[PDB]
Amino acid sequence: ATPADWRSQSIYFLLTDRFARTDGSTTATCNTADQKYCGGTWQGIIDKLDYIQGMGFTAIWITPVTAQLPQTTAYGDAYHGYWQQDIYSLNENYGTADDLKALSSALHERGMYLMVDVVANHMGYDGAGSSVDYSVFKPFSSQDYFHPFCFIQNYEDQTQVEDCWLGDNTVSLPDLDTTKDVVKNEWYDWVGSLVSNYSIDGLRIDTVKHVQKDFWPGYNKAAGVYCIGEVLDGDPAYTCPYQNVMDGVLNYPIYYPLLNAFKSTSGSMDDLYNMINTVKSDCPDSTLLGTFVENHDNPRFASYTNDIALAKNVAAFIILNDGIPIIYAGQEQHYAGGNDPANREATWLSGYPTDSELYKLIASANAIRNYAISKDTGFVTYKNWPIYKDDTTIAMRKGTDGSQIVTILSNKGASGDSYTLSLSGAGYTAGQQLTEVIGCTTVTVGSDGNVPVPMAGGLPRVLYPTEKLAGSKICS
Ligand SMILES: *[C@@H]1O[C@H](CO)[C@@H](O[C@@H]2O[C@H](CO)[C@@H](O)[C@H](O)[C@H]2NC(C)=O)[C@H](O)[C@H]1NC(C)=O
Ligand SMILES: [Ca+2]
């Protein structure tokens, strides 16, 4: 629940309404285009925690918990949790306060954390902004508590972005005036109680760039746990400084060159390579960020390409990069939905197979990461070091000398040729035996210290000293 506690964590992000139904149906329709509640619940999550923990995740992030606008708007229901209007009540679509507290408990019984998604920027309302009935907003019952109505029109104008409203006149998002101490006192008091009541281990904080910076430190304090913010901008100059104000932020700077590097057989390794060092240098701490290539606000990775080799490579990058890996429910079943609402597919419709190609991959990656962290107290703080690149290849190093994991990633795709990469800079000793932990082969370092890395089928390669795996179950 502390920021240091979270560096070791590996997060599985899910939409409560779309992950698992109480009845456990794997056939119950959920048409993303309809934009309606499909019936996923907190209890549904509890009943599938074997499937989340089996990928070696240690934590889940759920969408917001507060009671939503009730209407079916022109844009559908508030299944997603981001249109709240009664913050001291729960959205009853997902279950009881008992059900929520019981989720936080099936998790803790499992040595797992609970992260909860929280909105402080705004409420939701059905209809135009000029028609908002603020008396519905518990406990922000008057227009005094809110910014004057306006739409955000130029994101370059950071003073709009914080003061004007998100959304449109079809679903408007009344923007709490987070400047005035009535709001600050209320939110801060709210969040600590939220955390206390449900035993929340950490918070993911929505739309952070839309609230002024000096609001957040008191919020992070008040919450009393690790907070990671959604600052949706690809520029490290813009997004990293928000770490000056809260523990982490989602690693959107990495997001874009990460996607482009692997979304086709000719993506730029250079851009990815350079952004890794950029974030290493310039963000306050790259090891407290969240790494992702899929979420609910962007087309899924597979919507760019169904090549499983490329999908394997990106999922590996996410687990083994600096910071906290964040896989989006569905990604492990190779979901291909496009932009919102097409990326909100129900997870149960996949049938939850634990032998799908990406679930075995993500499990192997989490497994070696969790095990390395077991044996190396420096692993989570040793900053990911990009040791090599070429046109189709990036290779990176993380871990204390003698225990480092060295990851070779490729974008040759699933029809790649078979050849041998001579990898310098990995730092191992001549003749040292290395286990490639995805495919469970061995590689030996050899006389000059370069590693002869077999390259086939566009597959990721994840190397770890074989002698250090004496205990584990990793390739046995
Ligand atoms: C956590 O639970 C407690 C009660 O179990 C909530 O306390 C209420 O808070 C409101 C503040 O708006 C008070 O006016 C009520 O009198 C309180 N009730 C009781 C029984 O003490 C607390 O707000 C809950 N926190 C959240 C975030 O829901
Ligand atoms: Ca705002």
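All residue numbers refer to positions in the sequence shown, counting from 1. Side chains included, hydrogens not; waters and symmetry mates left out as well; all remaining heavy atoms used.
With salt bridges taken as basic N to acidic carboxylate O contacts below 4.0 Å, none links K184 and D189. Ion pairing of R21 with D47 is absent here, as no side-chain N (NZ or NE/NH1/NH2) approaches a carboxylate O to less than 4.0 Å. The existence of a salt bridge linking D233 and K209 is excluded, since no basic side-chain nitrogen approaches an acidic carboxylate oxygen closer than 4.0 Å. Between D77 and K36 there is no salt bridge, since no side-chain N of the basic residue sits under 4.0 Å from a carboxylate O of the acidic one. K312 and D307 are not joined by a salt bridge, as no carboxylate oxygen comes within less than 4.0 angstrom of a charged side-chain nitrogen. Look at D271 and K389 and you find no salt bridge, because none of the NZ, NE, NH1 or NH2 atoms lies under 4.0 Å from a carboxylate O.
Using cut-offs of 30° and 60° on the angle between ring planes, the pair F137 and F146 is tilted.
For the pair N220 (side chain) and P217 (backbone), a donor-acceptor distance under 3.5 Å is absent. The closest donor-acceptor contact from the side chain of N343 to the backbone of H296 lies under 3.5 Å. Side chain of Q243 to main chain of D247: a donor-acceptor pair is present (N/O by atom type, distance under 3.5 Å, no hydrogens or angles). Checked by atom type and distance alone, the side chain of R300 never pairs as donor or acceptor with a backbone atom of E294 at under 3.5 Å.
By the 6.0 Å contact criterion, CD on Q143 is open, its count of non-hydrogen atoms from other residues, nucleotides or ligands being 12 or less. For NZ of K375, the number of neighbouring non-hydrogen atoms (other residues, nucleotides, ligands) closer than 6.0 Å is 12 at most. Applying the 6.0 Å contact sphere to NZ of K383 captures more than 12 heavy atoms from other residues, nucleotides or ligands. Residue-environment remark: CD (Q158) exceeds the threshold of 12 foreign heavy atoms within 6.0 Å. The 12-atom threshold is not exceeded at NZ of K221, counting heavy atoms of other residues, nucleotides or ligands nearer than 6.0 Å.
Looking at every heavy atom in both residues, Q85 comes nearest to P70 through NE2-CD, 3.2 Å. For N169 against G129, the heavy-atom pair with the smallest separation is OD1-N, 3.1 Å. Listed here is the closest heavy atom pair of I87 and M123: CG2-CE, 4.0 Å. Listed here is the closest heavy atom pair of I46 and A106: CG2-CB, 3.7 Å. What you find for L310 and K263 is that their closest heavy atoms are CD1-C, 4.3 Å. In terms of heavy atoms, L409 sits closest to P460 at CD2-CB, 3.7 Å.
A donor atom on one side chain and an acceptor atom on the other are found under 3.5 Å apart for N295 and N298. Side-chain contact, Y359 with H334: no donor N or O sits under 3.5 Å from an acceptor N or O. The closest side-chain donor-acceptor pair between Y51 and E332 falls under 3.5 angstrom. The closest side-chain donor-acceptor pair between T58 and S10, if any, does not fall under 3.5 angstrom. With 3.5 Å as the limit, one finds a donor-acceptor pair spanning the side chains of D376 and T400. Between the side chains of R7 and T287, at least one donor N or O lies within less than 3.5 Å of an accepting N or O. Side-chain N/O atoms of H210 and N121 include no donor and acceptor closer than 3.5 Å. When only modelled atom types and interatomic distance are considered, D168 and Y75 share a side-chain donor-acceptor pair under 3.5 Å. The closest side-chain donor-acceptor pair between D157 and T159, if any, does not fall under 3.5 angstrom. Inspection of the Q333 and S356 side chains reveals an N or O donor paired with an N or O acceptor under 3.5 Å.
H108 is listed as a side-chain neighbour of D201, based on a closest heavy-atom distance under 4.5 Å. Contact check for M115 versus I60: no side-chain heavy atoms found under the 4.5 Å cut-off. Side-chain contact between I254 and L272 is present, with at least one heavy-atom pair separated by less than 4.5 Å. Within the 4.5 Å cutoff, the side chain of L114 has no heavy atoms near those of the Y198 side chain. The side-chain heavy atoms of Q160 and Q153, taken from C-beta on, include a pair separated by under 4.5 Å. Counting heavy atoms from C-beta outward, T207 and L166 have side chains that approach closer than 4.5 Å. Within the 4.5 Å cutoff, no side-chain heavy atoms of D86 are placed close to those of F140. Counting heavy atoms from C-beta outward, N91 and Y94 have side chains that approach closer than 4.5 Å.
For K48 and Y352, the positive end sits near the middle of the six-membered ring, less than 6.0 Å away and at most 45° from its axis. Taking the ring axis of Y242 as reference, the NZ or CZ atom of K213 stays within 45° of it and closer than 6.0 Å to the ring centre. For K180 and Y145, the positive end is not near the middle of the six-membered ring at less than 6.0 Å and at most 45° from its axis.
In this structure, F19 has its ring center at least 6.0 angstrom away from the ring center of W42. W83 and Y125 have their aromatic ring centers separated by at least 6.0 angstrom. Residues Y188 and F215 place their aromatic rings such that the two centres sit under 6.0 Å apart. Checked against the 6.0 Å centroid threshold, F151 and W165 do not count as a close aromatic pair.
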Quick one: do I368 and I405 satisfy side chain to side chain contact (heavy atoms under 4.5 Å, CB included)? Show the steps, please.
CA-CA 9 Å; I368 186 58; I405 299 168; 3.9 Å; yes
Would you sort out whether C30 and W348 count as a side chain to side chain contact (heavy atoms under 4.5 Å, CB included), showing the intermediate values?
CA-CA 9 Å; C30 181; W348 59 76; 4.0 Å; yes
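Of the listed residues (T291, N251, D322), just one forms a side chain to side chain donor-acceptor pair (under 3.5 Å) with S286, and that residue is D322. Under the ring-ring contact (aromatic ring centres under 6.0 Å, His included) test applied with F292, the options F13, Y252, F317 reduce to a single match, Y252. Put simply, the residue from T66, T63, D117 that forms a side chain to side chain donor-acceptor pair (under 3.5 Å) with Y82 is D117.
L250 contributes atom CG, which lies 10.5 Å from atom CD1 of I205 (distance to the nearest 0.5 angstrom). Of the inter-residue distances, the one linking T27 atom OG1 with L349 atom CG reads 8.0 Å to the nearest 0.5 angstrom.
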